[PDB]
4 protein chains.
Amino acid sequence: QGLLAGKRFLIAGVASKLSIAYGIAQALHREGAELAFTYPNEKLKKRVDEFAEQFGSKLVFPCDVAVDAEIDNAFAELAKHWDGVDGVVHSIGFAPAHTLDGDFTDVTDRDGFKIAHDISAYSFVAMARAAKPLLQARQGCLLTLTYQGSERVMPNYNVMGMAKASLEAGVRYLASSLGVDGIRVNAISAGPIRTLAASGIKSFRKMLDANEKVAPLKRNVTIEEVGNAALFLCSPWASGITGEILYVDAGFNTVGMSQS
Amino acid sequence: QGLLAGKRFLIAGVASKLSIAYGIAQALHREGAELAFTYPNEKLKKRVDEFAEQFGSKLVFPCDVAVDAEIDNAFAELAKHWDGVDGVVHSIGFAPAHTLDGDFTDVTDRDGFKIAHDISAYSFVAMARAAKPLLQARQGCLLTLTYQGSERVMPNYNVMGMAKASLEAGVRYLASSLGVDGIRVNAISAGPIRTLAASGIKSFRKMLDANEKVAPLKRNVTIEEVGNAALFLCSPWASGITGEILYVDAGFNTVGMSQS
Amino acid sequence: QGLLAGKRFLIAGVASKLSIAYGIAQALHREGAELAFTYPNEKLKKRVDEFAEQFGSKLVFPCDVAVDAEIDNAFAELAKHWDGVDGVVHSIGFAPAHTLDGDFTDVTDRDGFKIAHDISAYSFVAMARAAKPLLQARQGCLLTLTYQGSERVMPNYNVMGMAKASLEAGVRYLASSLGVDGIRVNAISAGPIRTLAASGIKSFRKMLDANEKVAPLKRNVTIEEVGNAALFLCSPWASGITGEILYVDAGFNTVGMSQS
Amino acid sequence: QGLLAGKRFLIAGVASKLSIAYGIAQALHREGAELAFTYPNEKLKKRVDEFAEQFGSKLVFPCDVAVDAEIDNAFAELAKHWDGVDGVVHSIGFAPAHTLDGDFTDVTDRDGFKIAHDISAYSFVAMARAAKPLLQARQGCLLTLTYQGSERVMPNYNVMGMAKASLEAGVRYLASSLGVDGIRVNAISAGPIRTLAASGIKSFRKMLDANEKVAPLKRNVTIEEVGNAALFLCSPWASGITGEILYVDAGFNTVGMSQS
Ligand SMILES: NC(=O)c1ccc[n+]([C@@H]2O[C@H](COP(=O)([O-])OP(=O)(O)OC[C@H]3O[C@@H](n4cnc5c(N)ncnc54)[C@H](O)[C@@H]3O)[C@@H](O)[C@H]2O)c1
Ligand SMILES: NC(=O)c1ccc[n+]([C@@H]2O[C@H](COP(=O)([O-])OP(=O)(O)OC[C@H]3O[C@@H](n4cnc5c(N)ncnc54)[C@H](O)[C@@H]3O)[C@@H](O)[C@H]2O)c1
Ligand SMILES: NC(=O)c1ccc[n+]([C@@H]2O[C@H](COP(=O)([O-])OP(=O)(O)OC[C@H]3O[C@@H](n4cnc5c(N)ncnc54)[C@H](O)[C@@H]3O)[C@@H](O)[C@H]2O)c1
Ligand SMILES: NC(=O)c1ccc[n+]([C@@H]2O[C@H](COP(=O)([O-])OP(=O)(O)OC[C@H]3O[C@@H](n4cnc5c(N)ncnc54)[C@H](O)[C@@H]3O)[C@@H](O)[C@H]2O)c1
Ligand code: NA
Ligand code: NA
Ligand code: NA
Ligand code: NA
């Protein structure tokens, strides 16, 4: 019997086998959890159905986080199956491509800013509100994924740094709001990982190489390591932890300047 | 001859004599600066004309930061008078009243989130872009006002904490973008001060009293103290400082728990 | 088979059943670890022998961290039994009583400062160096215990805040030094817990009550929660994490001001 | 009449014209302050007498901060001339050369640790206590110099990172202790500057070059910029600021990864 035997988690953000959300699903399922999944649009439905089947789940629901009604409906549909949930994993972020490529001052337009914040930060708050009744029933938790571009300037990131800073403050405000219900709210700040987000981004290889040289462990992290940290934060072993941004970046954030 | 003799600053955010922006204007003008001002809507025009006259200025322009064209036009109009600017002070923030009163998870709706971030965070980026040519001409600086609800949960603040976290990351991304031009970008994180924002907010008195008990100096800060810190950050004496969030809160942020 | 089956850990800092180190021992042993223990002086030997027996261990060695030779000898003796170690837990701190009671400026004498730093911060570095060969053999990890008085002023703490800040920087420098060997180095920043340290300290009850009111979870943490977080950081599930200060304080650190 | 006309400051840490303390002295004197100086040992006396004369001062006293009696005596001697002081500047740090050159775990011995902390951190606390009566008389302030190796790993720094972390916590504890008297306590975290400390350190040039590439302003800071920031923090314009670590590093600390 695994650490999460008898427990239930909703996973939002699987896109491919490289997704952080996929690695999190694998780890939770490995420890005995039953899973449910959302997909962002109809074009992704069949792929997400396939991924869910890999984890023995047929609980798959549409959820475009741009749309209030879809968030509400995803949780209403989930509630037909589950009378309570042990956790909700938010592994969702987006900014228009143009905002991430070029000089910050020049390229950060209002709509680009709006979208980055709406999809990457507000959506976690909206999902927390929609999930609240199911979370209350089992004193379940919330988890999101952030990146240290929130706290220091990182390359090719621009307005996403603003949106992740917003998200991390959201983690804290949610933790204070929902803590009275026994609901913990945390984030993982992952080091860079090749996922669908990096596809066609020529500079990603160079950034990974630079990360590998700076990180104290002298290597890049994996979705398995992020997945295991997520497993921990979603488990009874993390019952004393809320409002926390846990860095899973092989120590990169702790270095100010590396030798060479 | 004052520290800012021959220098020029645009001040966005005067609403009343209690405004942080008013205290900043007073300090810059005291040290010899020539000033220009924006007003948010027609109802505020005559009041802002009056305030500007107090500082010997007739350079007063409309600028609703919700509107791209108005931001652009304010700087085009300013450029008819000034061929360069030594600094731009952004003292602008807003969230709908309902978002600041009640449980964070329950009250933080999408539009409330959007407005808080658009007006309180994005607007600084937009103003920086519009101001860039005038700032380049004199290697001028940018300054904004933030609050420590970005970093820790503060009462009656909710989504504004997310928006200020976004703003502070914006300070850093702007500093990296504009630093090559010699343009510094900083913020002051002010302790709580009674301004128009607190009018009719019953709990504000209690929060000020609590601040006064916790702060190492055992008193609340004033717009004169914030104004003098702004003067410093807008002056040649701060030429080595960029991307900085300077706390002017009588040390409040440094205390984890106070005796009694 | 537990998560730590076949693994070996040295635990320094058991004093009583209330000790943080005792809770950590319980959790590691629960998951299958074999344990070894140190004791600070002869008066504690029999008690530590008894505690070790509770965890099926007869590996008990003297180690007063004030004495270079004792640190070296403890690891030389351990190496007669173990050809490698999966982790070393440092749960050791001390400052003279007079330094923790009264006005910081008045009571912080040179010797009090020296002792606080020597025992609470330097000792972790010394133990890391002495443990290095055994840690290298299994790519084992290091863990220490810190308190958030390092980052913000906490009551009845004084020079211990300086010593914990030193310790946390030590975590980072150790992580960068030992990371090349695959050795991770982390800390837990625990919320306040009643242990032997609080015995006879009249104000401790009031501080716990205040913690309970501020913390988002509205309760105080336990050595079981700290123990489980330690288990995580000492396990393969934390392989992506080094140089990290993980807060296990029920979210206390995330709150700037609480309602009432 | 300068900003500091009629005000008095004690400067501890002048060694050569490159010293940070020398740049601070220049700025305070430029704005009308009367100055006093300490020297560490007899070999430095004549040089410090000469520097003091450059600022129109004959108030020069021995003060080896390793020795309790010398700290006390320096302030007793100063009090024969001054019935109150507006500020005390601590620009003193040291670690044995061997501790700063090589692998942190290998080279950080107990005595090296002890000295680094005693001279670089404890001495500020001791000087604050000795200065308290003179500071109380004018509600004067305290200022120290720190480096961001406290918060992130910086090269060729090792135990000094621990000692600066200790010092910065000391700033906070002092601010809480002395704030009731109206005494502010702050630090400047300076970017790297060539001073006597770098003489014969071959790698310093490379570290400066790396700093210059990363910093948002794309240049290194000077003692004039540090001096002007110190002037600010020692002036009435900073009356709202205590417990603060002000970064004067051309924005270096705000960057996580630079392009190339
Ligand atoms: N990969 C990294 O290096 C890295 C580092 C730190 C944090 N993160 C964060 O991890 C999370 C997962 O990203 P990933 O790297 O796994 O990439 P990914 O593309 O696999 O996952 C991103 C997910 O966001 C979903 N999404 C985007 N817009 C949406 C919408 N409107 N409605 C619903 N879902 C929507 C996508 O469909 C996709 O499933 C993101 O928040 C990302 O910022 C990634
Ligand atoms: N007063 C405090 O306790 C405190 C503490 C820290 C930071 N701040 C920040 O200081 C800044 C000034 O606030 P204040 O306290 O002086 O209150 P205020 O009401 O005097 O100033 C707020 C300004 O924002 C302007 N504004 C709002 N929406 C706008 C729009 N669409 N277009 C243009 N201008 C718009 C208002 O017109 C007003 O001039 C804000 O960013 C606020 O968050 C205030
Ligand atoms: N209890 C709390 O609220 C709390 C909160 C955060 C961190 N901490 C830290 O947790 C750690 C454990 O403390 P605890 O609360 O379990 O109390 P404790 O008294 O049970 O453990 C303290 C240990 O330090 C050991 N120690 C002291 N001087 C020593 C020396 N010279 N040589 C060897 N060992 C020595 C003591 O013998 C004892 O075993 C300490 O670092 C403490 O600062 C405690
Ligand atoms: N130069 C840098 O890059 C840099 C960066 C950040 C902070 N700092 C800090 O600035 C401060 C000044 O250093 P600097 O770079 O001007 O070098 P410096 O050598 O000019 O000044 C160091 C001072 O410390 C004094 N000192 C050392 N041991 C002493 C003792 N026992 N008693 C009395 N005085 C003693 C020295 O005599 C000297 O006056 C130090 O705290 C240093 O850590 C320097
Ligand atoms: Na960019
Ligand atoms: Na609230
Ligand atoms: Na005290
Ligand atoms: Na080193």
# chains A, B, ... in the order shown; residues from 1 in each chain; ligands from 1
call {"tool": "residues_around", "arguments": {"residues": "residue 198 in chain D", "least_positions_apart": "4", "cutoff": "12 Å", "atoms": "only C-alpha atoms", "output": "mmCIF file with N, CA and C atoms, in the first residue's frame"}}
result
data_model
loop_
_atom_site.group_PDB
_atom_site.id
_atom_site.type_symbol
_atom_site.label_atom_id
_atom_site.label_comp_id
_atom_site.auth_asym_id
_atom_site.auth_seq_id
_atom_site.Cartn_x
_atom_site.Cartn_y
_atom_site.Cartn_z
ATOM 1 N N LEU D 18 41.530 54.110 -0.980
ATOM 2 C CA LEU D 18 40.578 53.234 -1.677
ATOM 3 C C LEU D 18 39.480 52.693 -0.772
ATOM 4 N N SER D 19 39.642 52.846 0.540
ATOM 5 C CA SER D 19 38.704 52.269 1.500
ATOM 6 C C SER D 19 37.287 52.766 1.276
ATOM 7 N N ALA D 97 43.454 34.939 5.533
ATOM 8 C CA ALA D 97 43.569 34.718 4.095
ATOM 9 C C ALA D 97 43.261 33.286 3.663
ATOM 10 N N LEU D 100 39.673 32.184 2.699
ATOM 11 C CA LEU D 100 39.036 32.762 1.514
ATOM 12 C C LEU D 100 39.549 32.142 0.218
ATOM 13 N N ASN D 156 35.304 32.951 -3.840
ATOM 14 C CA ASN D 156 36.437 33.384 -3.021
ATOM 15 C C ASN D 156 35.961 34.123 -1.769
ATOM 16 N N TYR D 157 34.915 33.576 -1.150
ATOM 17 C CA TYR D 157 34.255 34.270 -0.049
ATOM 18 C C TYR D 157 34.051 33.366 1.171
ATOM 19 N N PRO D 192 31.127 44.641 -5.636
ATOM 20 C CA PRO D 192 32.583 44.556 -5.485
ATOM 21 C C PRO D 192 33.270 45.842 -5.911
ATOM 22 N N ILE D 193 34.256 46.265 -5.117
ATOM 23 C CA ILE D 193 35.039 47.474 -5.358
ATOM 24 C C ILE D 193 36.492 47.145 -5.054
ATOM 25 N N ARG D 194 37.416 47.556 -5.921
ATOM 26 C CA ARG D 194 38.829 47.355 -5.627
ATOM 27 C C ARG D 194 39.273 48.226 -4.464
ATOM 28 N N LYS D 202 44.675 37.585 -7.317
ATOM 29 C CA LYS D 202 44.739 37.536 -8.775
ATOM 30 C C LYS D 202 43.374 37.478 -9.452
ATOM 31 N N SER D 203 42.433 36.785 -8.818
ATOM 32 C CA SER D 203 41.115 36.553 -9.396
ATOM 33 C C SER D 203 40.192 37.767 -9.339
ATOM 34 N N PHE D 204 40.578 38.808 -8.606
ATOM 35 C CA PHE D 204 39.670 39.932 -8.395
ATOM 36 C C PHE D 204 39.298 40.627 -9.700
ATOM 37 N N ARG D 205 40.271 40.756 -10.594
ATOM 38 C CA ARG D 205 40.053 41.382 -11.891
ATOM 39 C C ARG D 205 38.966 40.643 -12.669
ATOM 40 N N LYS D 206 39.042 39.317 -12.659
ATOM 41 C CA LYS D 206 38.082 38.489 -13.376
ATOM 42 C C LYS D 206 36.699 38.609 -12.753
ATOM 43 N N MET D 207 36.640 38.696 -11.433
ATOM 44 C CA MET D 207 35.352 38.825 -10.779
ATOM 45 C C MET D 207 34.722 40.189 -11.097
ATOM 46 N N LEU D 208 35.540 41.244 -11.120
ATOM 47 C CA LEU D 208 35.038 42.570 -11.485
ATOM 48 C C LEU D 208 34.506 42.576 -12.917
#
call {"tool": "residues_near_ligand", "arguments": {"ligand": "ligand 4", "cutoff": "7 Å", "atoms": "only C-alpha atoms and all ligand atoms", "output": "PyMOL selection string"}}
result
chain D and resi 12-16+18-21+39-40+63-66+91-94+119-120+145-147+189-197
call {"tool": "write_last_selection", "arguments": {"atoms": "N, CA and C atoms", "output": "short mmCIF file (atom, residue, chain, number, x, y, z; two decimals), in the first residue's frame"}}
result
data_model
loop_
_atom_site.label_atom_id
_atom_site.label_comp_id
_atom_site.auth_asym_id
_atom_site.auth_seq_id
_atom_site.Cartn_x
_atom_site.Cartn_y
_atom_site.Cartn_z
N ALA D 12 34.81 54.26 11.45
CA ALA D 12 35.73 53.18 11.77
C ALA D 12 35.98 52.35 10.52
N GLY D 13 37.22 52.31 10.05
CA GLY D 13 37.58 51.47 8.93
C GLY D 13 38.38 52.09 7.80
N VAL D 14 38.85 53.33 7.95
CA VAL D 14 39.75 53.87 6.93
C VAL D 14 41.10 53.16 7.00
N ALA D 15 41.56 52.65 5.85
CA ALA D 15 42.89 52.03 5.74
C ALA D 15 43.73 52.71 4.66
N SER D 16 43.09 53.10 3.56
CA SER D 16 43.78 53.77 2.46
C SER D 16 42.76 54.64 1.74
N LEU D 18 41.53 54.11 -0.98
CA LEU D 18 40.58 53.23 -1.68
C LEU D 18 39.48 52.69 -0.77
N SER D 19 39.64 52.85 0.54
CA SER D 19 38.70 52.27 1.50
C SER D 19 37.29 52.77 1.28
N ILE D 20 36.32 51.87 1.42
CA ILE D 20 34.93 52.31 1.43
C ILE D 20 34.74 53.41 2.49
N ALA D 21 35.34 53.24 3.66
CA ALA D 21 35.21 54.23 4.72
C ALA D 21 35.73 55.61 4.32
N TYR D 39 41.62 53.96 14.34
CA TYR D 39 42.64 53.19 13.63
C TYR D 39 42.86 51.87 14.37
N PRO D 40 43.21 50.80 13.64
CA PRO D 40 43.19 49.47 14.27
C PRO D 40 44.40 49.13 15.12
N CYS D 63 41.36 51.73 18.03
CA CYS D 63 40.25 50.82 18.29
C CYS D 63 40.44 49.52 17.53
N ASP D 64 41.08 48.56 18.19
CA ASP D 64 41.14 47.19 17.70
C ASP D 64 39.87 46.50 18.20
N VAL D 65 38.97 46.16 17.28
CA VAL D 65 37.67 45.62 17.69
C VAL D 65 37.73 44.20 18.24
N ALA D 66 38.92 43.59 18.23
CA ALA D 66 39.13 42.33 18.94
C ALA D 66 39.16 42.50 20.46
N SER D 91 32.86 50.14 9.06
CA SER D 91 33.33 49.67 7.76
C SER D 91 34.55 48.77 8.00
N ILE D 92 34.30 47.69 8.75
CA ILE D 92 35.32 46.80 9.29
C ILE D 92 34.93 45.37 8.98
N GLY D 93 35.86 44.61 8.40
CA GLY D 93 35.67 43.19 8.20
C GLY D 93 37.02 42.53 8.05
N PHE D 94 37.09 41.23 8.33
CA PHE D 94 38.32 40.49 8.18
C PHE D 94 38.05 39.00 8.30
N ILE D 119 35.38 39.64 14.18
CA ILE D 119 35.79 40.92 13.62
C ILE D 119 34.73 41.49 12.69
N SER D 120 34.04 40.63 11.94
CA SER D 120 33.15 41.12 10.89
C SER D 120 31.70 41.32 11.33
N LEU D 145 28.66 47.93 6.58
CA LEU D 145 28.85 47.50 5.20
C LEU D 145 28.80 45.99 5.12
N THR D 146 27.95 45.49 4.22
CA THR D 146 27.80 44.06 4.01
C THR D 146 27.99 43.72 2.53
N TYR D 147 27.95 42.43 2.21
CA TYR D 147 28.14 41.94 0.85
C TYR D 147 27.20 40.77 0.62
N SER D 189 24.75 47.02 1.22
CA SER D 189 25.35 45.86 0.59
C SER D 189 26.01 46.37 -0.71
N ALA D 190 27.32 46.56 -0.65
CA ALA D 190 28.05 47.12 -1.78
C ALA D 190 28.39 46.03 -2.80
N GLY D 191 28.32 46.38 -4.08
CA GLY D 191 28.92 45.56 -5.11
C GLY D 191 30.44 45.54 -4.93
N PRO D 192 31.13 44.64 -5.64
CA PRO D 192 32.58 44.56 -5.49
C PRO D 192 33.27 45.84 -5.91
N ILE D 193 34.26 46.26 -5.12
CA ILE D 193 35.04 47.47 -5.36
C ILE D 193 36.49 47.14 -5.05
N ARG D 194 37.42 47.56 -5.92
CA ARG D 194 38.83 47.35 -5.63
C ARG D 194 39.27 48.23 -4.46
N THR D 195 39.72 47.56 -3.40
CA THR D 195 40.23 48.23 -2.22
C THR D 195 41.47 47.45 -1.82
N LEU D 196 42.05 47.81 -0.68
CA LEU D 196 43.21 47.11 -0.16
C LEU D 196 42.94 45.61 -0.01
N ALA D 197 41.69 45.23 0.26
CA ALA D 197 41.33 43.82 0.41
C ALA D 197 41.67 42.97 -0.82
#
call {"tool": "interface_residues", "arguments": {"of": "chain C", "to": "chain A", "cutoff": "9 Å", "atoms": "only C-alpha atoms", "output": "number ranges by chain"}}
result
C: 172-173, 175-184, 215-218, 220-222, 224-229, 231-232, 236-255
call {"tool": "closest_atom_pairs", "arguments": {"of": "chain C", "to": "ligand 7", "cutoff": "12 Å", "atoms": "only C-alpha atoms and all ligand atoms", "output": "JSON lines"}}
result
{"residue": "C:98", "atom": "CA", "partner": "ligand 7", "partner_atom_place_in_ligand_line": "1 (Na)", "distance": 10.7}
{"residue": "C:99", "atom": "CA", "partner": "ligand 7", "partner_atom_place_in_ligand_line": "1 (Na)", "distance": 8.6}
{"residue": "C:100", "atom": "CA", "partner": "ligand 7", "partner_atom_place_in_ligand_line": "1 (Na)", "distance": 7.0}
{"residue": "C:101", "atom": "CA", "partner": "ligand 7", "partner_atom_place_in_ligand_line": "1 (Na)", "distance": 6.4}
{"residue": "C:102", "atom": "CA", "partner": "ligand 7", "partner_atom_place_in_ligand_line": "1 (Na)", "distance": 4.7}
{"residue": "C:103", "atom": "CA", "partner": "ligand 7", "partner_atom_place_in_ligand_line": "1 (Na)", "distance": 4.1}
{"residue": "C:104", "atom": "CA", "partner": "ligand 7", "partner_atom_place_in_ligand_line": "1 (Na)", "distance": 4.6}
{"residue": "C:105", "atom": "CA", "partner": "ligand 7", "partner_atom_place_in_ligand_line": "1 (Na)", "distance": 8.1}
{"residue": "C:106", "atom": "CA", "partner": "ligand 7", "partner_atom_place_in_ligand_line": "1 (Na)", "distance": 9.0}
{"residue": "C:107", "atom": "CA", "partner": "ligand 7", "partner_atom_place_in_ligand_line": "1 (Na)", "distance": 8.4}
{"residue": "C:108", "atom": "CA", "partner": "ligand 7", "partner_atom_place_in_ligand_line": "1 (Na)", "distance": 9.6}
{"residue": "C:149", "atom": "CA", "partner": "ligand 7", "partner_atom_place_in_ligand_line": "1 (Na)", "distance": 11.5}
{"residue": "C:153", "atom": "CA", "partner": "ligand 7", "partner_atom_place_in_ligand_line": "1 (Na)", "distance": 8.9}
{"residue": "C:154", "atom": "CA", "partner": "ligand 7", "partner_atom_place_in_ligand_line": "1 (Na)", "distance": 8.4}
{"residue": "C:155", "atom": "CA", "partner": "ligand 7", "partner_atom_place_in_ligand_line": "1 (Na)", "distance": 6.2}
{"residue": "C:156", "atom": "CA", "partner": "ligand 7", "partner_atom_place_in_ligand_line": "1 (Na)", "distance": 5.4}
{"residue": "C:157", "atom": "CA", "partner": "ligand 7", "partner_atom_place_in_ligand_line": "1 (Na)", "distance": 6.6}
{"residue": "C:158", "atom": "CA", "partner": "ligand 7", "partner_atom_place_in_ligand_line": "1 (Na)", "distance": 5.4}
{"residue": "C:159", "atom": "CA", "partner": "ligand 7", "partner_atom_place_in_ligand_line": "1 (Na)", "distance": 9.0}
{"residue": "C:160", "atom": "CA", "partner": "ligand 7", "partner_atom_place_in_ligand_line": "1 (Na)", "distance": 10.7}
{"residue": "C:161", "atom": "CA", "partner": "ligand 7", "partner_atom_place_in_ligand_line": "1 (Na)", "distance": 10.6}
call {"tool": "atom_distance", "arguments": {"atom1": "CA of residue 42 in chain B", "atom2": "atom 32 (N, counted along the ligand's line) of ligand 2"}}
result
11.3 Å
call {"tool": "atom_distance", "arguments": {"atom1": "CA of residue 118 in chain B", "atom2": "atom 32 (N, counted along the ligand's line) of ligand 2"}}
result
10.0 Å
call {"tool": "residues_around", "arguments": {"residues": "residue 89 in chain B", "least_positions_apart": "2", "cutoff": "8 Å", "atoms": "only C-alpha atoms", "output": "list in words"}}
result
residues 9, 10, 11, 12, 21, 87, 91, 142, 143 and 144 of chain B
call {"tool": "atom_distance", "arguments": {"atom1": "CA of residue 52 in chain D", "atom2": "CA of residue 96 in chain D"}}
result
27.8 Å
call {"tool": "select_by_dssp", "arguments": {"residues": "range 133-232 of chain D", "states": "alpha helix (DSSP H)", "output": "PyMOL selection string"}}
result
chain D and resi 133-138+159-178+204-214+223-232
call {"tool": "select_by_dssp", "arguments": {"residues": "range 4-247 of chain B", "states": "strand (DSSP E)", "output": "short mmCIF file (atom, residue, chain, number, x, y, z; two decimals) with N, CA and C atoms, in the first residue's frame"}}
result
data_model
loop_
_atom_site.label_atom_id
_atom_site.label_comp_id
_atom_site.auth_asym_id
_atom_site.auth_seq_id
_atom_site.Cartn_x
_atom_site.Cartn_y
_atom_site.Cartn_z
N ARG B 8 14.19 67.73 -14.24
CA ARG B 8 12.77 67.68 -14.61
C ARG B 8 12.18 66.34 -14.25
N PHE B 9 11.01 66.34 -13.61
CA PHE B 9 10.33 65.09 -13.25
C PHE B 9 8.84 65.15 -13.56
N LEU B 10 8.33 64.05 -14.11
CA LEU B 10 6.89 63.85 -14.28
C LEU B 10 6.35 63.04 -13.11
N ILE B 11 5.28 63.55 -12.49
CA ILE B 11 4.64 62.91 -11.34
C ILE B 11 3.24 62.44 -11.71
N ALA B 12 3.01 61.13 -11.67
CA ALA B 12 1.70 60.56 -11.96
C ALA B 12 1.13 59.98 -10.67
N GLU B 34 12.02 71.06 -11.60
CA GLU B 34 10.82 71.49 -12.31
C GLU B 34 9.93 70.27 -12.52
N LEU B 35 8.63 70.45 -12.31
CA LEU B 35 7.70 69.33 -12.31
C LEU B 35 6.62 69.41 -13.39
N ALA B 36 6.12 68.23 -13.75
CA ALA B 36 4.94 68.07 -14.59
C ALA B 36 4.07 67.01 -13.94
N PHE B 37 2.76 67.04 -14.23
CA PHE B 37 1.80 66.18 -13.56
C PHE B 37 0.80 65.58 -14.53
N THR B 38 0.30 64.39 -14.20
CA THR B 38 -0.85 63.85 -14.92
C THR B 38 -2.08 63.78 -14.01
N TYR B 39 -3.26 63.74 -14.62
CA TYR B 39 -4.51 63.54 -13.89
C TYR B 39 -5.30 62.43 -14.57
N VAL B 60 0.43 70.01 -17.12
CA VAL B 60 -0.57 69.11 -16.56
C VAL B 60 -1.30 68.43 -17.71
N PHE B 61 -1.29 67.10 -17.71
CA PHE B 61 -1.80 66.33 -18.86
C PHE B 61 -2.72 65.19 -18.41
N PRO B 62 -3.77 64.90 -19.20
CA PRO B 62 -4.61 63.74 -18.86
C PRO B 62 -3.85 62.43 -19.08
N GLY B 87 13.34 62.08 -14.57
CA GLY B 87 12.66 60.97 -13.93
C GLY B 87 11.17 60.98 -14.10
N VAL B 88 10.58 59.80 -13.97
CA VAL B 88 9.14 59.60 -14.00
C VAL B 88 8.75 58.84 -12.73
N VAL B 89 7.83 59.43 -11.96
CA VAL B 89 7.34 58.85 -10.72
C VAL B 89 5.94 58.30 -10.95
N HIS B 90 5.81 56.99 -10.76
CA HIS B 90 4.54 56.27 -10.88
C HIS B 90 4.03 55.99 -9.47
N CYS B 141 15.54 58.42 -14.60
CA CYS B 141 15.18 57.22 -13.87
C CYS B 141 13.67 57.03 -13.77
N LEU B 142 13.27 55.86 -13.28
CA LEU B 142 11.88 55.51 -13.00
C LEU B 142 11.75 55.13 -11.53
N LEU B 143 10.61 55.48 -10.93
CA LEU B 143 10.32 55.12 -9.55
C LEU B 143 8.85 54.74 -9.44
N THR B 144 8.56 53.65 -8.72
CA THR B 144 7.18 53.29 -8.40
C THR B 144 7.02 53.06 -6.89
N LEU B 145 5.77 52.97 -6.45
CA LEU B 145 5.42 52.73 -5.05
C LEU B 145 4.80 51.35 -4.91
N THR B 146 5.35 50.57 -3.98
CA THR B 146 4.85 49.23 -3.70
C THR B 146 4.56 49.08 -2.21
N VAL B 185 15.84 52.04 -12.39
CA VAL B 185 14.44 51.74 -12.11
C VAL B 185 14.34 51.16 -10.70
N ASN B 186 13.61 51.83 -9.81
CA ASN B 186 13.54 51.42 -8.41
C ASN B 186 12.12 51.57 -7.88
N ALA B 187 11.89 51.06 -6.67
CA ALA B 187 10.62 51.26 -5.98
C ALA B 187 10.86 51.59 -4.52
N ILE B 188 9.88 52.27 -3.93
CA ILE B 188 9.79 52.39 -2.48
C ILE B 188 8.65 51.51 -2.00
N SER B 189 8.94 50.66 -1.01
CA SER B 189 7.88 49.92 -0.34
C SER B 189 7.54 50.72 0.92
N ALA B 190 6.44 51.47 0.85
CA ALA B 190 6.05 52.35 1.94
C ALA B 190 5.27 51.58 3.01
N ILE B 245 14.09 47.49 -4.27
CA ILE B 245 12.87 47.79 -3.51
C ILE B 245 13.33 48.31 -2.14
N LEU B 246 13.26 49.63 -1.95
CA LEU B 246 13.72 50.25 -0.72
C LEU B 246 12.55 50.37 0.26
N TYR B 247 12.68 49.76 1.44
CA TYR B 247 11.59 49.80 2.41
C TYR B 247 11.68 51.07 3.26
#
call {"tool": "closest_residue", "arguments": {"among": "A:201, A:170, A:136, A:84", "to": "ligand 6", "atoms": "only C-alpha atoms and all ligand atoms"}}
result
A:170
